[PDB]
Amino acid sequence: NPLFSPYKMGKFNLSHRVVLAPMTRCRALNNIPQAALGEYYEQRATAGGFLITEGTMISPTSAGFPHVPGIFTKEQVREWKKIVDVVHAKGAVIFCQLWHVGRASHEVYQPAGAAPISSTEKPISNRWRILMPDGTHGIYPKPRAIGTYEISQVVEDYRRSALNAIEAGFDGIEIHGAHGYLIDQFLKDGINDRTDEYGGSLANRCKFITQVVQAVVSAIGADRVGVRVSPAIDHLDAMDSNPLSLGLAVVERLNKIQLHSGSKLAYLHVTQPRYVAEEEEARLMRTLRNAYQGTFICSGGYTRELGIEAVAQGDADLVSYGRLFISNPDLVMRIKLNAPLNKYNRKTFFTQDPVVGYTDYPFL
């Protein structure tokens, strides 16, 4: 089974290639990591296995879901440290995903009820609705388009959050540059209508992600930084006229950052365009993998068979699993044994209970 051959992800010696994909679960009450998160990640940790956390706030304006953790305060750092310690005791490697939602937010999630921030004034359309803290669904508002001073402040928020992640004991961080969130709102020409140095051309649209990645690489080292993108995705009105060219432009910049830094990033993590909340889709994935000088993690709709094939055929080095990892704490072992998998319950993906639908899915 190729999923159980070891893999050197830079300095990290992994014993298998099954990765816990980053998943927002909304148990981090008041944006503080809770003991429940420790039990959840401990359940899923394996010796030499790689885990990526739920998206984690970099600042008070970065959230668009209820009860998602932050890593911008010392209180949050202190509580993450307990979670990281229990995962490390199982021998796992764990990265914290740094997440800013940009315009995918609501007044209820913003300090003082202010407008969310974005590259543009364009709102997500009413085809999409935002989950509210009471379980109803609301309307995405018009965001505020930020200037270059505020852009530099957001870059600094990523940099400080990366340092805070290292202080908490994380092995590294992942930049959430995917899925129509803040970074993708700069990348995608269906969103970014700017006329300054951050829009107007593909090169300008890539400026923001480039600066974010350079800042975190400078702070913690390239080998502790992963980057997630999704150039082709049906999520929150985040479309590009040329997804493959957009992806390749991002890859070129990551390759150049590595050459400048003298070290490779931890990895590039790419969402299969099939995933929502063909050979054109497989065309895109393999084209980006072949273009990138480093470790490639694929995600989105993978199964045991599809993950085996991806690694066997050279399409990916690591395979991240989301939904099946929700309901199978021992997913790694089940994949190794080809054991039957448990169903997952969408109704408890984003509820707040520390146990129900979170840590009470059974082991084999």
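All residue numbers refer to positions in the sequence shown, first residue = 1.
Unmodelled deposited residues between residue 277 and residue 278: 10 or more, per the record. A summary of the deposited B-factors shows that, of 46 to 54 and 334 to 342, the stretch with the larger mean C-alpha value is 334 to 342. Stretch comparison (155 to 163 versus 280 to 288) by mean CA B-factor in the PDB entry places 280 to 288 on top. Between the residues 171, 85, 184, 174, it is 85 that shows the highest Cα B-factor in the PDB record. Comparing the listed residues 210, 118, 192, 105, the entry records the largest Cα B-factor for 192. Sort the chain's modelled residues by C-alpha temperature factor and residue 324 lands in the lowest third, per the entry.
Among all modelled residues in its chain, residue 232 ranks in the highest third by Cα B-factor. In the deposited entry, the Cα temperature factor of residue 62 places it in the middle third of its chain's modelled residues. Sorting the modelled residues of the chain by their CA temperature factor places residue 11 in the highest third. In the PDB entry, a CA B factor belonging to the middle third of its chain's modelled residues is recorded for residue 222.
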